[PDB]
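Novice: Residue numbers (full-length UniProt numbering), protein chains in the order written: chain A, 1 to 50, 60 to 260, 263 to 294; chain B, 2 to 48, 57 to 294; chain C, 1 to 50, 55 to 292; chain D, 1 to 195, 201 to 293. Here's a structure for you.
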Amino acid sequence: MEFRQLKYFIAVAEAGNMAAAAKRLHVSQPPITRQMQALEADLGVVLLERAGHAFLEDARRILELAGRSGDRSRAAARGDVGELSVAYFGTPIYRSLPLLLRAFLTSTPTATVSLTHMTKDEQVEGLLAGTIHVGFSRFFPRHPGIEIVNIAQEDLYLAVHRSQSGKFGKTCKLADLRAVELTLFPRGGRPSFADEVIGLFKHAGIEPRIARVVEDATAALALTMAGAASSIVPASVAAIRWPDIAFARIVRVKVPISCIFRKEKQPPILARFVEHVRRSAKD
Amino acid sequence: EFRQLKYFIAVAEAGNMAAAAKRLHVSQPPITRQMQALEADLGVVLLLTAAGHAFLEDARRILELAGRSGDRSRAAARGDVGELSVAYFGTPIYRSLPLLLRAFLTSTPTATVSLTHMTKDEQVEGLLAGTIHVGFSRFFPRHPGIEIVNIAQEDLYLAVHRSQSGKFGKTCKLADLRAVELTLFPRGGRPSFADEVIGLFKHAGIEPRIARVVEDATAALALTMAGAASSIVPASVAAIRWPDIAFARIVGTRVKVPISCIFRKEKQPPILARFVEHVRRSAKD
Amino acid sequence: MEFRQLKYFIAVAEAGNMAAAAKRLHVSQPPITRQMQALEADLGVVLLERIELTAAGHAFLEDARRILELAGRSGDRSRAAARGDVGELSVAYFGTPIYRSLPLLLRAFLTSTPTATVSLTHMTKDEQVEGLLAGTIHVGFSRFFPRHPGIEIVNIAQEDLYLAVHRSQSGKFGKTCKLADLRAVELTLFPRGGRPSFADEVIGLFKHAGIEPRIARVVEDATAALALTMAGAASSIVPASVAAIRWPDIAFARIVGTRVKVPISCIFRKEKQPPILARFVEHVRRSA
Amino acid sequence: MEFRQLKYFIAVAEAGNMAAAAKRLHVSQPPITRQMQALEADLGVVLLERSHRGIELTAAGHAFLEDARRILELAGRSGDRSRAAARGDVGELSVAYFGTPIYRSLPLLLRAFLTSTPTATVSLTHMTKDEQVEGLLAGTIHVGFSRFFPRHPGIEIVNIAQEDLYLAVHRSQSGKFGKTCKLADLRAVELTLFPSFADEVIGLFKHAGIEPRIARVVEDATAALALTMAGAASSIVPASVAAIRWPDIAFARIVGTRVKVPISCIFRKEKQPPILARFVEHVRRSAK
DNA sequence: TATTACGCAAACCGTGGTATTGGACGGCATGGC
DNA sequence: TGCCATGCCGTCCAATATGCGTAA
């Protein structure tokens, strides 16, 4: 079986004659009878004569998917349809990353996403291999073939129990915070949030008081919700109305958002994300 | 062209063009030239596969309809009933669904059957698009236009190594299992069996000690046969007499799992209607 | 078998080389090497290989970290006994109760018992029963536990369940919805990989109510699920602790039913209990 | 904080008088009292009150005496745990399988290895021959099991045993070929094969001199057996598949010169872990 | 009106030792209660 | 008279350096 025999058969069916369709497609009569006579051999039955209803219901359905299939394969390359395998790590989940995907899904409504938790490292392997598309965290070291895109900057906020709201007012700076018993995060991750918080202190001269380092951002505020600790978080987390906790920005003391992706052989839906995240960067 | 699709599907299988030609007894220049012609006729980079995997999917669909148009037309001319395309997910494939298929093929002798493995969700996509007439599994969520009919219900059986066989006996309750290392299944087929087993445990106030979930039933029973872990199967598998594995009927009130099938109620082809009449005719049996 | 042979080995396995480790330890390379060849003698197994660790190296790593962090706990365990303080209650947790539940119990406990402190450690519903029976953890919190022969399971309270949809979907369910109201909501659950946990009970509670539910996705934790919900790509189900927090662009709707509660629970080894856990267990039972 | 003070302070407490401790320790007394100064200086707390009649443990004395024995078990017991890891006595053998050996062959090999290494475990995941090698090289999988493995750099094939082939046909059709049969008897039978495998089966007819009549083709073994016991197909299966008493299926031993499929065992050549290093010790030895 | 009988053009395949100096830690002797 | 601390010194450890149109 081949394609010409199916369009012929449909044309011969709609025209009711092996010559009325021969003009409906602009070719002489011998080939009309040359291919349907050969069509009834690629099948075995006698469709028409000087089972035909059974093979017609299929032939119009074989070409229908053929045209529709071409419109999928092309639109797939245009990145209009496709699942984005997003990987993440840490603080930008609470507010940052969700707004970036929902804004990207407004940009490309047919696309879907799949979240896969991964450390800043397992992203690099996951990107250099092709398991994931983008990896979200804050502090990424360079890697010979991975490009970073710094999107924006977040403020850092002190978290404290509501009982001690007035003890630090609305907002206070970094030096006001030498005796605060900061309990940071995360335990996992070789140089992540806490390590850079410690860094912004030494660059500011104050050696920080740190009592414990817990697993999550939500584990440091868990201790704060019980008054058993005080922590410091990005503006993403402080945007959430956390019960029993009070927040205060810290006043050259920002941390960034950065997605990482492989620079070679980029899938289309990934490049449509890169398009939306770069236009969303400078704005 | 039809010669083009084949080549492409043989090339996505192969990964390189040289091996694919070996599978077609052709050379590399022919398939390369035709893939160039096809990439140009479609308008998408298909190269080492590219973002035109959707074309691979639709081309598999097209060749499926080509074959199932040939065979369909033949059997329709013969006055036969045709070829009932049945999908299956999970454990029914082991014993239950084969008996149902035999009971249908003997009653409708002019009819044949074809099996392709799909998930509970892949089965609804197949029932819609016209890929399959009926799908078979255990726990189906309702879906508009699709109808579910459970043929019968099966008992559950603990499956433990023949050494740890005399410990449980001929039958055992769920409460006997509060400290048993259960290796369940199937891993990754959406909510299916293992989730129902956990639900049956959680329904009796027992949060179960579960150590593993492996590929399908055969992997769990292979870790059982290997004296590594015990599992829970339904009676379809337990009635296959697996070597070195002993089964004890898990007795209880809500300890049973159904065999259900799904089909489209909109446009029911005649073979599907005959098979549904048989299935309902075997609802009480 | 010597403490400096432990501090050297740990910094080696962490930095990944016998030079940045000596840099991280303020020593030279010869003594770092000389103490490892002495370490490989008292134990008898090759730990390091030209740097990665042998399987002997990793199994010995978790032993050496248990030793050092034990001495660090004792360093403060003694100074608090001098002042007669109640001390450190090492508590573990797994799952949804960390968002509101467990913070409030520790809040009230640290009010009634003032001289005590707490350490939070994220373990698994069976990684706890290991720590309990070994003493590394006093009480571990989570939802659904299996009975273990040495551990006493105790329930604390019930929490409700809330369907989590985007703020736009809020009118579809209003304030209250039942389980059957969700028969066709593509749900994104959690936690992924923490043995049988939350998602497996939600699958049960539907299955218990005769609803084989639609499950779309399972992600790492609750935070990752509500993220896909506040982005519109998901609709989730969270307990009361997660919903008691006001989350942006997310509308929570209570699930109404006669068997739709999930519990708060802690576990403790009932054999040789330290006195601070006793002052703690006498406070959690009073919560009922 | 060093180990010598831990053995002393316990002996000082167990003796009740530091003088008696030095004898049980086979040392002179001035070390005892001198070590306890540095011990209480590194800790920064008072453990012992001294009189002319002996000592008595302070509040820190008891509180640290428990921490002391706990540190000293692990120090001694960490050596025995590390020797087991290096010895391969402990470890999870992460096996990956593909196809028909899972029905009987691989279970018995895992059983024979576990019988010979009882303090070990097995994680059984399912992978394609390409996922195995793409995983063995990376390291996510210890050993891969399947029928026919392609020679690849970095790995090592081990053809351990051979399995005869068996005609699978329905119980009704069972008297048509006998308890055994040669390859040529199967000229007319319509064979529903499955992969890989089905490529090698046709090879076995073609290598004995037959162009077989292939009817259908699935890609699951239980899918071929399903059609067979349903009265819709016949197939050719390994002995592991025929070893299972299949409910309505009958099996007939295919006999002939070199008509058998092998059981192959694939693993990475370099840098093999202990639990694998013993497992291959059990693979090659059991080849007899 | 549908097959047939032709020919020509077109399609398409063959780190680990070595040496020294500083400290640790024990063992005898004395002082303090 | 035990029992605990304090010096002094010697030895050991450790760490830096073919497929159509045309014709029949």
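Ideal Cβ positions, reconstructed from N, Cα and C, are used throughout, including at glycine.
1) Output yes or no for whether 8 Å exceeds the beta carbon distance between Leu110 of chain B and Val122 of chain B.
2) Taking C-alpha atoms, which residue in C:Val133, C:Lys176, C:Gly175 and C:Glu14 lies nearest to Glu56 of chain C?
3) Taking the straight line between their C-alpha atoms, what separation do you get for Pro153 of chain C and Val189 of chain B?
4) Would you mind working out which of A:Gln5, A:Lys182 and A:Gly139 sits nearest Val260 of chain A, comparing C-alpha positions?
5) How close, in whole Å, do the beta carbons of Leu74 of chain D and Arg70 of chain C come, if the pair is a contact with beta carbons under 8 Å?
6) Nearest CA to the CA of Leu281 of chain B: which residue from B:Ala19, B:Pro101 and B:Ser94?
7) Going along the chain, which residues of the region 71–100 of chain A sit with their C-beta nearer than 7 Å to a C-beta in chain B?
8) When the distance is taken between beta carbons, is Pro267 of chain A closer than 8 Å to residue 59 of chain A?
9) If contact means a Cβ-Cβ distance below 8 Å, which residues of the region 205–233 of chain A contact chain B?
10) Any C-beta of chain A sitting closer than 8 Å to the C-beta of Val143 of chain B?
11) Alpha carbon to alpha carbon, what distance is there between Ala229 of chain C and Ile249 of chain A?
12) Can you tell me which of the three DSSP states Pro278 of chain C falls into?
13) Return yes when the Cβ of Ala85 of chain D is within less than 8 Å of the Cβ of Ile141 of chain D, no when it is not.
14) Counting only the same chain and skipping the five closest in sequence on each side, list residues whose C-beta sits under 7 Å from that of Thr233 of chain D.
15) Taking only beta carbons into account, state which residues of the region 121–137 of chain A come closer than 9 Å to chain C, listed in chain order.
16) With DSSP collapsed to three states, give me the class of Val133 of chain D.
17) Please tell me whether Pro118 of chain C has its Cβ less than 8 Å away from any Cβ of chain A.
18) Taking only the alpha-carbon atoms, compute the straight-line gap between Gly61 of chain C and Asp42 of chain C and give it to the nearest angstrom.
19) Please determine if the region 196–209 of chain C and the region 146–161 of chain C are in contact, where contact requires at least 3 C-beta pairs separated by less than 8 Å.
20) By the criterion of Cβ-Cβ separation under 7 Å, what are the contact partners of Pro107 of chain D in chain B?
21) Any Cβ of chain C within less than 8 Å of the Cβ of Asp67 of chain D?
22) Output yes if chain A places a C-beta closer than 8 Å to the C-beta of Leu43 of chain B; else output no.
23) Taking 8 Å as the threshold (beta carbon to beta carbon), is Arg196 of chain C in contact with chain B?
24) For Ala19 of chain A and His126 of chain D, what's the separation of their Cα atoms in angstroms?
25) If the cut is a Cβ gap below 9 Å, which residues of chain C does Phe3 of chain D touch?
26) By the 10 Å Cβ neighbour count, where 16 or more other Cβ atoms means buried, how is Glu66 of chain C classified, buried or exposed?
27) Which term fits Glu275 of chain B, buried or exposed, when burial requires 16 or more other beta carbons within 10 angstroms of its beta carbon?
28) Give a yes or no on whether 8 Å exceeds the smallest Cβ distance from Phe64 of chain A to chain B.
29) Measuring straight from C-alpha to C-alpha, what distance separates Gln35 of chain A and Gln5 of chain A?
30) For the alpha helix (DSSP H) containing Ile71 of chain B, list its first residue and its last residue.
31) Using only the alpha-carbon positions, how far apart do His212 of chain D and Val264 of chain D sit?
32) Buried or exposed: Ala138 of chain D, going by 16 or more other Cβ atoms within 10 Å of its Cβ?
33) Any idea what DSSP makes of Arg283 of chain D, helix, strand or coil?
34) So, helix, strand or coil for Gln162 of chain D, using DSSP?
35) Return the chain-ordered list of same chain residues with a C-beta closer than 7 Å to the C-beta of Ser245 of chain A, the five sequence neighbours on each side being excluded.
36) Give, in chain order, every unbroken run of the alpha helix (DSSP H) that is at least 4 residues long and sits entirely within the region 230–264 of chain B.
Specialist: On the basis of the supplied data:
1) Counting from 1 along the second sequence, the entry for residue 110 of chain B is found at position 101. Counting from 1 along the second sequence, the entry for residue 122 of chain B is found at position 113. Yes, these two residues count as a Cβ contact at 8 Å.
2) Counted from its first residue, the third sequence places residue 56 of chain C at position 52. Closest option to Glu56 of chain C, Cα to Cα, is C:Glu14.
3) Against the third sequence, residue 153 of chain C aligns to sequence position 149. Against the second sequence, residue 189 of chain B aligns to sequence position 180. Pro153 of chain C and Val189 of chain B: Cα-Cα distance of roughly 13 Å.
4) Taking the first sequence and counting its residues from 1, one reaches residue 260 of chain A at position 251. Nearest of A:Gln5, A:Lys182 and A:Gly139 to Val260 of chain A, Cα basis: A:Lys182.
5) Here the question's residue 74 of chain D lines up with position 74 in the fourth sequence. Here the question's residue 70 of chain C lines up with position 66 in the third sequence. Going by Cβ atoms, the distance from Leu74 of chain D to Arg70 of chain C rounds to 6 Å, so yes, they are a contact pair.
6) The residue labelled residue 281 of chain B in the question sits at position 272 within the second sequence. Cα-wise, what sits closest to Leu281 of chain B is B:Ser94.
7) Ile71, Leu74, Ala75, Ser78, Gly79, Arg81, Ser82, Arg83, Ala85 and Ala86
8) Residue 59 of chain A falls within a stretch that is absent from the model, since chain A runs 50 to 60 with no residues between.
9) none
10) The residue labelled residue 143 of chain B in the question sits at position 134 within the second sequence. With 8 Å as the cut-off, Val143 of chain B does not count as an interface residue toward chain A.
11) Within the first sequence, numbered from 1, the residue matching residue 249 of chain A stands at position 240. Within the third sequence, numbered from 1, the residue matching residue 229 of chain C stands at position 225. Each residue's Cα considered, the two are about 15 Å apart.
12) Along the third sequence, read from residue 1 onward, the residue named residue 278 of chain C stands at position 274. Of the three classes helix, strand and coil, the one that applies to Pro278 of chain C here is coil, per DSSP.
13) The residue labelled residue 141 of chain D in the question sits at position 141 within the fourth sequence. The residue labelled residue 85 of chain D in the question sits at position 85 within the fourth sequence. For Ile141 of chain D and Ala85 of chain D, no; Cβs fall outside 8 Å.
14) Numbered from its first residue, the fourth sequence carries residue 233 of chain D at position 228. Contacts found: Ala168, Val169, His170, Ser239, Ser240 and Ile254.
15) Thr121, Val122, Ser123, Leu124, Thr125 and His126
16) On the fourth sequence, residue 133 of chain D is found 133 positions in, with the first residue counted as 1. Helix at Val133 of chain D.
17) As a position in the third sequence, residue 118 of chain C is number 114, starting the count at 1. No, its Cβ sits nowhere closer than 8 Å to a Cβ of chain A.
18) Here the question's residue 61 of chain C lines up with position 57 in the third sequence. Here the question's residue 42 of chain C lines up with position 42 in the third sequence. Computed Cα separation, rounded: 14 Å.
19) yes
20) As a position in the fourth sequence, residue 107 of chain D is number 107, starting the count at 1. Ordered by position in chain B, the residues that pass the 7 Å Cβ test against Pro107 of chain D are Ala231, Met234 and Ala235.
21) Sequence index remark: in the fourth sequence, residue 67 of chain D carries index 67 (1-based). Yes, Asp67 of chain D counts as interfacial toward chain C.
22) In the second sequence, the residue the question calls residue 43 of chain B occupies position 42. Cβ-Cβ to chain A under 8 Å: yes for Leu43 of chain B.
23) Locating residue 196 of chain C in the third sequence gives position 192, where the first residue counts as 1. By this cut-off, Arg196 of chain C is not an interface position.
24) Along the first sequence, read from residue 1 onward, the residue named residue 19 of chain A stands at position 19. Along the fourth sequence, read from residue 1 onward, the residue named residue 126 of chain D stands at position 126. The straight-line gap from Cα to Cα measures roughly 59 Å.
25) As a working mapping, residue 3 of chain D is identified with position 3 in the fourth sequence. In chain order: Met1, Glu2 and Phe3.
26) Start at 1 with the first residue of the third sequence, and residue 66 of chain C comes out as number 62. Answer is exposed; the Cβ neighbour count stays below 16.
27) Here the question's residue 275 of chain B lines up with position 266 in the second sequence. Answer is exposed; the Cβ neighbour count stays below 16.
28) Against the first sequence, residue 64 of chain A aligns to sequence position 55. For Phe64 of chain A, the answer is yes, since a Cβ of chain B falls inside 8 Å of its Cβ.
29) For the purposes of this step, residue 35 of chain A is taken as residue 35 along the first sequence, with counting starting at 1. For the purposes of this step, residue 5 of chain A is taken as residue 5 along the first sequence, with counting starting at 1. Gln35 of chain A and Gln5 of chain A: Cα-Cα distance of roughly 6 Å.
30) Within the second sequence, numbered from 1, the residue matching residue 71 of chain B stands at position 62. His62 to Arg87 is the span of the alpha helix (DSSP H), which, as asked, contains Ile71 of chain B.
31) The residue given as residue 212 of chain D occupies position 207 in the fourth sequence. The residue given as residue 264 of chain D occupies position 259 in the fourth sequence. One C-alpha to the other measures close to 9 Å.
32) Along the fourth sequence, one-based indexing puts residue 138 of chain D at 138. Exposed is the call here.
33) Counted from its first residue, the fourth sequence places residue 283 of chain D at position 278. Here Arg283 of chain D sits in helix by DSSP.
34) As a position in the fourth sequence, residue 162 of chain D is number 162, starting the count at 1. Residue state, collapsed to three classes: strand.
35) Within the first sequence, the letter at position 236 stands for residue 245 of chain A. Contacts found: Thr100, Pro101, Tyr103, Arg104, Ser105 and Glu163.
36) 244–247
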